[PDB]
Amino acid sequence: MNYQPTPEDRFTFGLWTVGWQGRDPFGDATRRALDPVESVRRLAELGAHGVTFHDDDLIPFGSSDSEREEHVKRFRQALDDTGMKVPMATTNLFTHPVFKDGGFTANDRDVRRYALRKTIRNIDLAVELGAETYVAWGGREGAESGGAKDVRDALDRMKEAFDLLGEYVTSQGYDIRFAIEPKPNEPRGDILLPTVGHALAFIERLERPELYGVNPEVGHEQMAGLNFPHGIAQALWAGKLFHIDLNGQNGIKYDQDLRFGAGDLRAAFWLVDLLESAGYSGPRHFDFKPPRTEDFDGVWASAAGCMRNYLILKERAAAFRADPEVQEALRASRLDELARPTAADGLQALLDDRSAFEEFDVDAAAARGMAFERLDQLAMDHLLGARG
């Protein structure tokens, strides 16, 4: 009867989430900047396992090698003071005006080289803090008009970028993998690799595909109206779910970054059911924004709420799968047959099987109800804790 999170739950938060000041395209900041050290302390008190950062969240853009050292030093002391970990790091290649047409796929070649140097310096920092995953979110790679970007050349430049980071990582002997985070649009009119599917396909063309996976975000796939649990299943099937970003989104519209559980509640349920059943072992990272209506007390309530909602859905999904009535319904709907090979007897025996065509009764087969609505109502009852 308790939903208190603990560091064993692997809940993580970006510094930029609870640290968002509330600036949006139509208004000024409503909250003051948070000292990252303060953010690490508050989160550890909430039961969080660790934090993530962009380079620029930690070390303000343009810091001397000196102030850099200082910033890192204060941070690492806070991590030591609280026991918090840093499992993922990432680069800011979107805020500075120099990236207005992108970083790795900017039309200006000198900007692309600078984007690579800026990334490499942060990968070094990441490994030193102990991160296992390095995330790439190409928020500015894309276009508002069709002639501004040849997409085949852009994809060449993107592959070229990732191949070089792969060479760098292997040449240095680092233990760190990359994760591509897709987004369909915003802040560009259209962004390159806009969904989980496109990023997965792209990875298979890199020189060392085994170094790269995806970091899918709940709200981003939903901005394309796609089913996030299905996308995640596809990522898992491919062996490529290296990391994941949890939050909430109300439909196809601007990227809302609501706290996890807000937005589409049933998708959050089916997502939790899948992560826990596939035995996902990575961080449960929250990429969310406390609404700018909130003061700092609402910030910490919003962060706590992400963890609570995960722990409640986890208990509801486990009870659903544990319910014998549910196991019976799953058999009535033939989930068991879905898992059996269609033709383990082989092509030849299938061709010779008259019960598979010549003598197949299509009419009987047709008449068989799938019993999916009772199964779904069972899932609803479990979700709402209304199971008798």
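Numbers for residues come from their place in the sequence shown, where the first is 1.
- Set 295-303 against 182-190 and average the Cα temperature factors; 295-303 ends up higher.
- Here the stretch with the larger average CA B-factor, out of 328-336 and 30-38, is 30-38.
- When the C-alpha B-factors of 213, 279, 87, 263 are ranked from the entry, the top spot goes to 279.
- When the C-alpha B factors of 170, 234, 195, 249 are read from the deposited coordinates, the top value falls at 170.
- For residue 14, the recorded CA B-factor ranks within the lowest third of the chain. Only modelled residues enter the ranking.
- Looking at the C-alpha B-factors along this chain, the one for residue 114 belongs to the middle third.
- Among the modelled residues of its chain, residue 225 has a C-alpha B-factor that falls in the lowest third according to the deposited record.
- The PDB entry assigns residue 123 a C-alpha temperature factor belonging to the middle third of its chain's modelled residues.
- When the modelled residues of the chain are ordered by C-alpha B-factor, residue 174 sits in the highest third.
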